[PDB]
Each structure stands twice: as C-alpha cells, then as structure tokens.
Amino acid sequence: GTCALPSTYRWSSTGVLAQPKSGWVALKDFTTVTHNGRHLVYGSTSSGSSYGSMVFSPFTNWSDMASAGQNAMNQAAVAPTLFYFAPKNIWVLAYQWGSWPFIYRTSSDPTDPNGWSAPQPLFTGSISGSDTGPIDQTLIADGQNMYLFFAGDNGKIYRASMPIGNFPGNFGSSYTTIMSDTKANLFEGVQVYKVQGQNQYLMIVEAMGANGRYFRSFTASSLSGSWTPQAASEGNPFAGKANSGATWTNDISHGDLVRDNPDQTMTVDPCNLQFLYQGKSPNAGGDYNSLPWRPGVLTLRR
C-alpha cells in the first residue's frame, strides 16, 4: 500500500491561511508536526525591523489556522526546526542567531512558546563566501546518526553528523560541503525528509527563479550519500509557480512538508504529501525584511 514520489509534481493550493498579529508584517520559515491530532506550527516573525518567532495555538484543520492564537516567543528562534526526539523523550527546537551560529532548546511541552530550556550550542562553524553565514538549518536522523543540513545564501549545501547517542548535543565547527552550484540554484530553505515506504530520502532546496522563489528536489538512498536531482528546474520544480496551483503568490518559499510523525526521522507519507510554505502577493515591494510573507498549504494531486 506504499506510494512513490512522482517524477513530475502537481499541487493544489489553499489561499492565504492567516494574517500576522498586530506588530508583525510577516509570518515565515514554518516548521510543523501533528501533535495530539492537531497542527503544531512554529515560524519566524518579522516586524520589518527585527525578526522573532512564534507558535500558533494548535488547530485541527488548516482552514482554521486563520483563527488560531498567535503566541510570540520571549526569546527569538529564527527559522526554527521542531521535532520530538524519541530516544530521550524530549522535544527539540533548533534555530539560528544567538550565542552560536545554530542553537537548540528542549521542552516537554512544545505548545508553550516560553516553556523551552536554556539555549544550547548546535553548531559553531563558519563558511566562506557567504553574506549570511550558516542559515536555515534542519536536523534529521536515521536509525544510526543525527544529521545537520544547512545553507549559506551562496550556492552551497552543507552537512554535519554525529552518532544519535550523542544527541542532543553540539555538532561543533566541522562540516562537509555536499553540494555546490550557483547562488540562484541552491540558495536557502533546505529541508530533508525520509520517504515512508521507500528506501529513499528527499531533499528540497529553495532557489531564486526568474518568476519567483521555488523549490528544487533531490533524492538519496542514504543520508550520508550523494544527492541526485529530481524535480530541479524552474519549469519542472518540486514546488513553484509552474505547478503550485496558487493564485495569490508567485513565490513558494521557506516552509516544511507536513510531518504526521513528529519524530527526529522527519518522515513524510508520499501517499498524502502536503507542503506548508510561505508566499507573498506578487505586488508587494520594499525591503526584503519587510515583505508580507504568509502561510499557505499545497496538497499533492494524485
């Protein structure tokens, strides 16, 4: 009863799913799991001047995201990654910007924006030829190792690893440069997932297209293995203007595939693939940091 990833992706899209709370101009960089049968969503916020983070009050249906409470974190967790770490029965929120390049906090209740532990170092390395430094981390474990993947707004994708038994912990400064292309082709927003029912991992990377932001996909048989381009052009993207079915945005940008199993394996079901992304009105201009990003959800057409 298993499904495979398609060679060509076709989606349908929701409209804009929520408007930012008073004081914010954008909701961004989503990470989501299903928790107690409800959607649990963290994201970045922007006021235009400063970036913060938030969690939505849990909601069962995407169509009710618009009415969900928006709960600011007292300490910013920009571009967050949320998961449940089963081997230690603890939730993890990883993010960027703070005392170290990447940071994490832990909790027993991921619904509380302010119930997270003191910040701990996740990654302390540095990259060359980048205006941003390490950005847009994700974490994913198989049965043996925990992996860190990240970007640099510079055409490179990077990876680090540790035995799972040493996590939660600090990857330190070391990393592997696993992919190298143009800045436009491998920009940011990297995510990695286990494809349920297949001996396959899925990587998506946000690219800058002629028509807007879009995602390029790659596959691997192992998390330490090589990545083969799948749907990796603007005309044949993982998700973008070409195939999103979205009428409100020409950009499909930093988000997360919907993870029903909240655990560290980042497993997605190819039979019911959905993508919580950020988009924006095509008419919106101004400084990048003030852009009015909004959540939407793509559902894969089978």
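Each residue number is its position in the shown sequence, starting from 1.
S.K.: Determine, for stretches 7-15 and 274-282, which one has the higher mean CA B-factor as deposited.
M.R.: Per the PDB record, 7-15.
S.K.: Please work out which of 130-138 and 188-196 has the higher mean CA B-factor as recorded in the PDB entry.
M.R.: So the stretch with the higher mean C-alpha B-factor is 130-138.
S.K.: If you check the C-alpha B-factor for each of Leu257, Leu40, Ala246, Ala66 in the entry, which is highest?
M.R.: Among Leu257, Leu40, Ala246, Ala66, the PDB entry lists the largest C-alpha B-factor for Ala246.
S.K.: Could you say which of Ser174, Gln75, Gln144, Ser161 has its CA atom at the highest B factor, as listed in the PDB entry?
M.R.: The record points to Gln75.
S.K.: Divide the modelled residues of the chain into thirds by Cα B-factor and specify which third, lowest, middle or highest, holds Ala207.
M.R.: It falls in the middle third of the chain.
S.K.: Using the B-factors in the PDB entry, rank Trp293's C-alpha atom against the chain and give the third, lowest, middle or highest.
M.R.: Answer is lowest: the recorded C-alpha B-factor places it there.
S.K.: Among the chain's modelled residues, which third holds the C-alpha B-factor of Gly240?
M.R.: Middle third by C-alpha B-factor.
S.K.: Consider only the C-alpha atoms of the modelled residues in this chain, order them by B-factor as the entry records it, and name the third containing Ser50: lowest, middle or highest.
M.R.: Its C-alpha B-factor belongs to the highest third of this chain's values.
S.K.: Lowest, middle or highest third of the chain for the C-alpha temperature factor of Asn61?
M.R.: Middle third of the chain for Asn61's C-alpha B-factor.
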